[PDB]
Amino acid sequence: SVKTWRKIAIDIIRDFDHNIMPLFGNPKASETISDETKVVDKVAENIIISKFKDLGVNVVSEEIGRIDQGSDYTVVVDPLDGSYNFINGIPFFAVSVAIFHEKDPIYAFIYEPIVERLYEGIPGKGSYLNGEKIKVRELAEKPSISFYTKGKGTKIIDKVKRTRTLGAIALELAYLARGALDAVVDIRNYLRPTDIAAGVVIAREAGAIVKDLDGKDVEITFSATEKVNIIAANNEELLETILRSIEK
């Protein structure tokens, strides 16, 4: 039979649990197998990256670059977002995938193994967590945000009750999508569109407002030729206040 993208995600989930989870915080994971290629990297390729390649779709990933198969579909995949955390036994990491039909995102999923959570984003339908529809939470009286910066945004701190910097942006955007945070802010001028594609698909379909520092809605793409900054939030006024609180 023909497997839908969700079934493909389920297969990837199971393969990740069986082949990659045993390497969590394991010295073997960082061991060079062949830039020094880690064991975890090779395993991620042979099980996740290889899967999409075999499907015949174009593939965009950090470790392999960009694979052009002349397909009408392109998959942006991070076999292990939160790699530093994973290698160091910090329980915050995930598999993140965004699927595009030509230039349009049609599906995205983020799998958070530690707590067995499968987040899904389907443009035009909705976002889900383990099959249950999710949406951003109503703005908290005392907001909580994920915050990434190289120094800018000090004025943001007094606007919120607390900040988090967990180490896996795609997953933090998924947290925003299910209501665990009010905003996710990254003004390091370090991210590429590919790093946020899946997270933005899921957060946006969950009701999040995602804009750049100019207040322009973020366009979801599989490009990696430019650096981007974003503010994803569950409330326009909060987003604007954060925006007015950032220099340059």
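Don't overthink the numbering: it's just position in the shown sequence, from 1.
Engineer: From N46 on to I47, does the model leave out none, 1 to 3, 4 to 9, or 10 or more residues of the deposited sequence?
Structural biologist: Per the deposited record, the segment joining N46 and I47 has no missing residues.
Engineer: On mean Cα temperature factor in this entry, is 177-185 or 206-214 the higher one?
Structural biologist: Taking the mean B-factor of the alpha carbons in each, 206-214 is higher.
Engineer: When the Cα temperature factors in the entry are averaged, is it 147-155 or 115-123 that ends up higher?
Structural biologist: Mean C-alpha B-factor is greater for 147-155.
Engineer: Between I87, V95, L129, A140, which one tops the list for Cα B-factor in this entry?
Structural biologist: The listed residue with the largest C-alpha B-factor is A140.
Engineer: Which one, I64, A197, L191, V57, has the peak C-alpha temperature factor per the PDB entry?
Structural biologist: Within the set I64, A197, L191, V57, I64 shows the top C-alpha B-factor.
Engineer: Can you tell me whether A232 has a C-alpha B-factor in the lowest, middle or highest third compared with the other modelled residues of the same chain?
Structural biologist: Lowest third, going by the recorded CA B-factors of the chain.
Engineer: Consider only the C-alpha atoms of the modelled residues in this chain, order them by B-factor as the entry records it, and name the third containing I220: lowest, middle or highest.
Structural biologist: Middle third.
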